[PDB]
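Next up: just one chain, as structure tokens, the form deposited in one PDB entry.
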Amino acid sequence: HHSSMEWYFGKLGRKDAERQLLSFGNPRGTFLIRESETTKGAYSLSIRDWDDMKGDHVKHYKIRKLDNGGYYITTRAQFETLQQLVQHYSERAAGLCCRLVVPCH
């Protein structure tokens, strides 16, 4: 088992996740993963986005845990590890609001 993340923030709530992502100058696609605040055992993917109405804001996606191991945001794209999920969505949005461009600095 290889043991190894800048983008993982542990027990960080939604509000404090948004404060870190909305730091000045971070692009759309700045992101982090944290424990879910409202579904125990799951994770949350928090991504900086922009639209004309909301301006700079954060979108949150539930990363669900498969009962017997692994992770997904949509059931048709499953991953063994959070690292593999992040690498996948760094390469293509594939339904997310945008790609995972840079871990929250």
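Residue numbers here begin at 1 and follow the sequence given.
Task: Interresidue gap class [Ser4, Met5; deposited sequence, unmodelled] - done: Unmodelled stretch: 4 to 9 residues.
Open item on the list: Tell me which stretch has the larger mean Cα B-factor in this entry, 31-39 or 57-65.
Closed with: The entry gives the higher C-alpha B-factor average to 31-39.
Task: Entry-level comparison of average CA B-factors, 72-80 and 47-55, reporting the higher stretch - done: Result of the comparison: 47-55.
TODO: Select one of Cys97, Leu12, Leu22, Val86: the residue whose C-alpha shows the highest B-factor in the crystal structure entry.
DONE: Of the candidates given, the C-alpha B-factor peaks at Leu12.
Omitted from view is the form deposited in another entry, to which the following refers.
Task: Exercise: are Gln78 and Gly55 on one rigid part between this form and the one not shown - done: The answer is no; they move as separate rigid parts.
Open item on the list: Just to spell it out: taking the C-alpha atom of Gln87 and the C-alpha atom of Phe24, is that distance smaller or larger in the other entry than in the structure shown here, given it changes by 3 Å or more?
Closed with: Relative to the shown form, the pair is farther apart.
TODO: Compare the CA separation of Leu21 and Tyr89 in the other entry with the one in the displayed structure, and answer closer or farther (the difference is at least 3 Å).
DONE: Their C-alpha distance grows by at least 3 Å in the other entry.
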